[PDB]
Amino acid sequence: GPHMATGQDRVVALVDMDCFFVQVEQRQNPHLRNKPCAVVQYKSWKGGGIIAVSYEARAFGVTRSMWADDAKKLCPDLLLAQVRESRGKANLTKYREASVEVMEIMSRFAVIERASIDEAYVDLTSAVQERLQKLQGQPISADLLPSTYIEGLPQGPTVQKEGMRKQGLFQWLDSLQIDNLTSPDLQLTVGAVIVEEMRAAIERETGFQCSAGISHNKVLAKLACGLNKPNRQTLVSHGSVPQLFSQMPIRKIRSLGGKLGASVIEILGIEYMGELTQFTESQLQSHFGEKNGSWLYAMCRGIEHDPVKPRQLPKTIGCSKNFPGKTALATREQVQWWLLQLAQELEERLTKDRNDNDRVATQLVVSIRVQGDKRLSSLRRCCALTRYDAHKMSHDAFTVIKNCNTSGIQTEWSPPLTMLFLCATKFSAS
DNA sequence: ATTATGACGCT
DNA sequence: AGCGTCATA
Ligand SMILES: [Mn+2]
Ligand SMILES: [Mn+2]
Ligand SMILES: [Mn+2]
């Protein structure tokens, strides 16, 4: 009754860029704008691997992970932009720098949690309270929410898409109680007003379009964001959760897209998020552990407490390269050459990081994969990182992996290496 | 032969 | 610590 927590204490948004690497390349090259377009890495093997796809290209069935040669079969006029290569490897600096542009704008509105290269969570609870105190109990005009969808509306007693959006927004606004500064639905609405402002600023100041979700926690905000991509934002209210979740595959919820989610489906014999409500918290804990069980019990009711962390910068800086098929490294000179290439890119990024962000990494993690191992990583070893010097770091990395060579001979490396990974970690203020 | 990342959980 | 899981361009 009066004591059941409803998880409506916060206003949380998730802002996610549309087709982000494609937009970065479209800004740079106007010829790519408003075209079926994709971003590819490498080229020699099957035309290269696609890692981002414009919405025009998606209409032809082009997806991420697709080889460009195969994408061209679906979409002959597909335009491509290639990821930069430096020191023999893909280099993602352009996209990291574009990300910083977006993150710095968002940070003007609230403290953000960088969740990927192209998205961040915002806790807007305080900003909403402030905007509410200025407003005076005026109704919120539809004109303040020009790109907002209200999930679940319209409903009850037009054949165009923008028409439907407005109908839902109208129903939503008319149901509001703007007289109550503690009403969660009102708080979400004001959150959505602020996010319109945020998204307008991002587009004005970078040229990049994005989508967003507004809800009471990170999982619902993330889910909401995807509902009306691209270039739109979606409000998912607490009240909208039972209908939304009644047909929502469990795998769609963040963190349930892998083995845990599959086990929820298999063990319980269910399909949709809403079906979880019929289990006790103890039942869920018995199957999925104490933490997962409590999390699922609350999550299927729309409730989650994971805070928006105040962290705008990545906490690791890493350099990685695969050596697939017959390109696997089989000599000492090869292994050392590539460790140096990775280490030189790492030095570059680390030095820039120290100057920009007043911090220094203190641990170097070295990871390799061996031919025959299905696992992402075969071996991970750490050592000290005391100087930002590529030759030292590459010499150190070789030392910690040296004993992995099962070859009797010194000159050969066996079994051949199919991945090298250098990562700088454990930052301290400097 | 999707690749290049990056956060967090477990023991 | 080293490994595993999950995630995103
Ligand atoms: Mn995106
Ligand atoms: Mn994203
Ligand atoms: Mn994506």
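Naming: A, B, ... by sequence-line order, numbering from 1 per chain.
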Base, sugar-phosphate, or nothing: which does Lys46(A) touch, judged by heavy atoms less than 4.0 Å apart? nothing
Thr316(A) side-chain N/O to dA7(B) phosphate OP1/OP2 under 4.0 Å: yes
Can you find an N or O donor on one side and an acceptor on the other, under 3.5 Å apart, linking the side chain of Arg64(A) with the base of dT2(B)? yes
Between NZ of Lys374(A) and P of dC3(C) the distance, given in whole Å, is 18 Å
Of the listed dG6(B), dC6(C), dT5(B), the closest approach to the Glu345(A) side chain comes from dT5(B)
What's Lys94(A) touching, base or sugar-phosphate or nothing? Going by heavy atoms closer than 4.0 Å. nothing
Which nucleotide wins on minimum distance to the side chain of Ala90(A), given the candidates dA4(B), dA1(B), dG2(C)? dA4(B)
When we call it a touch if two heavy atoms are under 4.0 Å apart, what does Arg254(A) touch: a base, just sugar-phosphate, or nothing? sugar-phosphate
Looking across every strand, which nucleic acid part, if any, lies under 4.0 Å from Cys319(A) by heavy atom: base, sugar-phosphate, or nothing? sugar-phosphate
Among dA9(C), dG2(C), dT5(B), the one nearest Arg381(A) by side-chain distance: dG2(C)
Name the residue closer to the 5' end of DNA chain B, choosing between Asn322(A) and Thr327(A) according to the nucleotide with the nearest heavy atom. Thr327(A)
What's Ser65(A) touching, base or sugar-phosphate or nothing? Going by heavy atoms closer than 4.0 Å. base
From CG of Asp118(A) across to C1' of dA4(B) the rounded distance in Å is 15 Å
The side chain of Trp67(A) lies closest to which of these nucleotides: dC3(C), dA4(B), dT2(B)? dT2(B)
Just how far, in rounded Å, is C1' of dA9(C) from CE of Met103(A)? 12 Å
Winner on side-chain proximity to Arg375(A), out of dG4(C), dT2(B), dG6(B), is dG4(C)
Determine the contact category for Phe21(A): base if any of its heavy atoms lies under 4.0 Å from a base atom, sugar-phosphate if only primed atoms, P, OP1 or OP2 are that close, otherwise nothing. sugar-phosphate
Rounded distance in Å - CZ (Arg114(A)) to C1' (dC8(B)): 15 Å
Does OP1 or OP2 of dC3(C) have a side-chain N or O of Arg369(A) closer than 4.0 Å? no
Give a yes/no verdict on base stacking between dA1(B) and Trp45(A): centres under 5.5 Å, planes within less than 30° of parallel. yes
Output the rounded distance in Å from NZ (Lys291(A)) to P (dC8(B)). 17 Å
Hey, which of these two, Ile50(A) or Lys315(A), hits DNA chain B nearer its 5' end, going by closest nucleotide? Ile50(A)
Taking the P atom of each, how far is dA1(B) from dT8(C), in whole Å? 25 Å
To the nearest angstrom, the CG-P distance between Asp18(A) and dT8(C) comes to 15 Å
Is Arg251(A) touching bases, backbone alone, or none of the nucleic acid, heavy atoms closer than 4.0 Å? nothing
Pair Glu205(A) + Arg108(A): basic N to acidic O under 4.0 Å: yes
Salt bridge (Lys or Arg N to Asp or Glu O under 4.0 Å) with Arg165(A): which residues, sequence neighbours excluded? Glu162(A)
Looking at every strand, decide which applies to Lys222(A) at a 4.0 Å heavy-atom threshold: base, sugar-phosphate, or nothing. sugar-phosphate
Can you give the donor-acceptor pairs under 3.5 Å from side chains of residues 68-75 of chain A to other protein atoms, not counting sequence neighbours?
| from | atom 1 | to | atom 2 | distance (Å) |
| --- | --- | --- | --- | --- |
| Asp69(A) | OD2 | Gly47(A) | N | 3.4 |
| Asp70(A) | OD1 | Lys73(A) | NZ | 2.8 |
| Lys72(A) | NZ | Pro76(A) | O | 2.7 |
| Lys72(A) | NZ | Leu78(A) | O | 2.8 |

Using a heavy-atom cut-off of 4.0 Å across all strands, would you classify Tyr42(A) as base, sugar-phosphate, or nothing? sugar-phosphate
Euclidean distance, atom NZ of residue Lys426(A) to atom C1' of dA1(C) [Å, nearest integer]: 8 Å
Spacing of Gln209(A) atom CD relative to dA9(C) atom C1', expressed in whole Å: 18 Å
Taking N7, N6, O6, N4 and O4 as major-groove atoms and purine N3, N2 and pyrimidine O2 as minor-groove atoms, which groove is under 5.0 Å from the side chain of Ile51(A)? minor
Any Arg311(A) side-chain N or O less than 4.0 Å from OP1/OP2 of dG6(B): no
Grab the two heavy atoms, one from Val241(A) and one from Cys300(A), that are nearest each other, plus how far apart they are. CG1-O, 4.4 Å
N or O in side chain of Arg96(A) less than 4.0 angstrom from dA4(B) OP1/OP2: no
Among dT3(B), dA1(C), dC3(C), the one nearest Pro324(A) by side-chain distance: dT3(B)
Side-chain ion pair, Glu197(A) and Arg131(A), N-O less than 4.0 Å: yes
Whether the side chain of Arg33(A) engages the backbone of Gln26(A) through a donor-acceptor N/O pair (distance < 3.5 Å, no angle test) should be reported. yes
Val12(A) versus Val122(A): any side-chain heavy-atom pair under 4.5 Å? no
